[PDB]
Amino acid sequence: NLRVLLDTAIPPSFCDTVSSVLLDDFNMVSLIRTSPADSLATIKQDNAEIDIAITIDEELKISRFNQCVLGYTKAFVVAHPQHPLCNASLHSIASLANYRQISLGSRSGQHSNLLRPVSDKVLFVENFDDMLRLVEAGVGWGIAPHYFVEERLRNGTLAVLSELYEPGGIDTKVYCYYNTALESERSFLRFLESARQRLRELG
């Protein structure tokens, strides 16, 4: 039995070739979605017994878990197209620390340096749907993955603010936290190659 955790920041298209790869080698494979904000908190629970976590969230060393980089993926800062700074420049990008942010909350009230909110006026949600609902309704601005925002950007229901900060969108590493056991395993090596190959194709 192999258990795999995928934070909601990872495109669901990723989970395709990946899950196929694992089934050739492993006979039972369990896939768990979680908020990026809960990804690492979850695998630290001993009882949870996750073998592999695939999340954008970072920490320097977890107990009995090694880390490596599968690839890279783009998030964007998005708001209502009539938001106070809807198209304003690098000036209004400093100002985001003043305007209301819609951030992922976490079961453990704590947030990593990466995922911690930037502004004082913050309002927490559990998932990127709940996030972009409030952001579509001008309640605030938020950072969501490409795959969530591509749809609504076409339709002009949402506007990007990040481009002057990071053109192409905000590149962020996809990490793979694996039980130290899987380290000397041909099984895992084979999954790593495929998983990496995969994320390359999505940009």
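We number the residues from 1 along the sequence you see.
Per-stretch averaging of Cα B factors for 152 to 160 and 52 to 60 places 152 to 160 on top. Per-stretch averaging of Cα B factors for 124 to 132 and 85 to 93 places 85 to 93 on top. When the Cα B-factors of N66, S30, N27, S35 are read from the PDB record, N27 comes out highest.
Among the modelled residues of the chain, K74 sits in the lowest third by CA temperature factor in this PDB entry. Ranked by C-alpha B-factor against the other modelled residues of its chain, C15 falls in the highest third. Compared with the other modelled residues of the chain, the Cα B-factor recorded for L182 ranks in the middle third. Per the deposited record, the Cα B-factor of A9 falls in the lowest third when ranked against the other modelled residues of its chain.
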